[PDB]
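# Commentary on secondary and tertiary structure
Below are the chains, spelled out letter by letter.
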Amino acid sequence: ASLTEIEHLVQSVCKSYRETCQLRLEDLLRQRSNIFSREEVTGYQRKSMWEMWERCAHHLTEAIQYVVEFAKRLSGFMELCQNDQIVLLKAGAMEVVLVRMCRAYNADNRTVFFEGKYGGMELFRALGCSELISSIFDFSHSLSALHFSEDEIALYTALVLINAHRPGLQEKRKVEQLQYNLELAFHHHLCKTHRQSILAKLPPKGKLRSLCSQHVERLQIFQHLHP
Ligand SMILES: Cc1cc(CN(CC(C)C)S(=O)(=O)Cc2ccccc2)ccc1-c1ccc(S(C)(=O)=O)cc1
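What counts as what
Residues numbered from 1 in each chain as written, not as in the entry; some residues may be left out. Heavy atoms only, no water. Helix = DSSP H or I, 4+ residues; strand = E, 2+ residues; numbered from the N terminus. Polar contact = N/O pair within 3.5 Å; in protein donor to acceptor, adjacent residues only side chain to side chain. 1 Å grid on protein atoms, 1.4 Å probe; cavity = no way out; pocket = protein on both sides within 12 Å on 5 of 7 lines; lining within 4 Å. Points joined across faces, edges and corners; volume = space filled by probe spheres on them. Nonpolar A, V, L, I, M, F, W, Y, C, P; charged D, E, K, R; others polar.

The name given to the chain in the PDB entry is Nuclear receptor ROR-gamma, with the source organism recorded as Homo sapiens. Here the entry title, as the record gives it, is "Crystal structure of Retinoic acid receptor-related orphan receptor (ROR) gamma ligand binding domain complex with SBI0655870".

### Examining the environment of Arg-125
With respect to the helices, strands and loops of the structure, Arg-125 is situated in the loop between β3 (117-119) and α6 (130-145). Within the structure, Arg-125 has its side chain in polar contact with the side chain of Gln-45 (distance 3.4 Å).

### Some thoughts on unusual backbone geometry
Phi is positive for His-147, close to 55°, though the residue is something other than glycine. Among the structural elements, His-147 can be located in the loop between α6 and α7 (150-161). The backbone of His-194 shows a phi angle near 55°, a positive value even though the residue is not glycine. Residue placement: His-194 occurs in the loop between α8 (172-192) and α9 (205-224).

### Comments concerning the layout of surface pockets
Remark: the empty space left among the atoms is shown by a probe the size of a water molecule rolled over them. Of the volumes computed, that of the largest pocket is approximately 870 Å³. Along the walls of the largest pocket sit 36 residues, with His-59, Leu-60, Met-101, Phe-113 and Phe-114 positioned nearest its centre. Looking at the lining of the largest pocket, the elements that each hand over two or more residues are α4 (49-72), α5 (82-100), β2 (111-114), α6 and α9. Per element, the largest residue contribution to the lining of the largest pocket is 7 residues, and it comes from α4. Among the residues forming the lining of the largest pocket, the class breakdown is 26 nonpolar, 5 polar and 5 charged. Here the second largest pocket is characterised by a volume of approximately 700 Å³. Contributing to the lining of the second largest pocket are 25 residues, with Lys-90, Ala-91, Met-94, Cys-212 and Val-216 lying nearest its centre. Every element with two or more residues in the lining of the second largest pocket is listed here: α4, α5 and α9. For the lining of the second largest pocket, the class distribution of residues is 13 nonpolar, 7 polar and 5 charged.

The following block contains the structure:
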């Protein structure tokens, strides 16, 4: 590996993301002034927890589809044995989604883009899990504060997935290979864009994990009931 090949990896990771980022940043931003009227909010609040579950599950299913496509477009990823490909996605896809989420988050009025407009967290009242919902908003707020760029997301979420410490891995060292190269790519690019400052300011890989497991387990009470 040289700097030229690292930069190729960077450029590549950033192009897989672009091809799989699901929603254009520019559409997201242009629509920040498109906010739910309190009438429309009230409409969401009257819905049963189940209707809301149906919608959220669909949006999360759709989101995860894109994360998978992203990972497939990661060099090295497909070369992995298929057991490991599962292991990584099963452990990492949700975390990546929670990270991608901040693109759709407006920190200036603490709202999120949901089904065509921006709404605050009271939109989700019917689900009856506001500690989970607020913690997600806080997590997205933290990242929006860093002004986390598209390429930073690309490189950062790649490392979320490509983690050789996931229990279950058969050919661990191949993952370390990809992991190590992605860390180099990520760190290098920070220098090139003068964003060294954010590493210290990122939420701990613990924080992402305890959010996602807390998240997945309220998902799993919802899908007990109600496939
Ligand atoms: C994935 C998603 C979800 C939501 C709905 N939920 C989050 C809000 C409550 C913030 S939930 O489903 O996760 C909550 C929930 C559901 C069930 C049980 C417990 C908890 C709203 C916007 C998105 C979204 C879609 C696309 C992008 S992208 C890549 O930029 O294009 C980013 C974000």
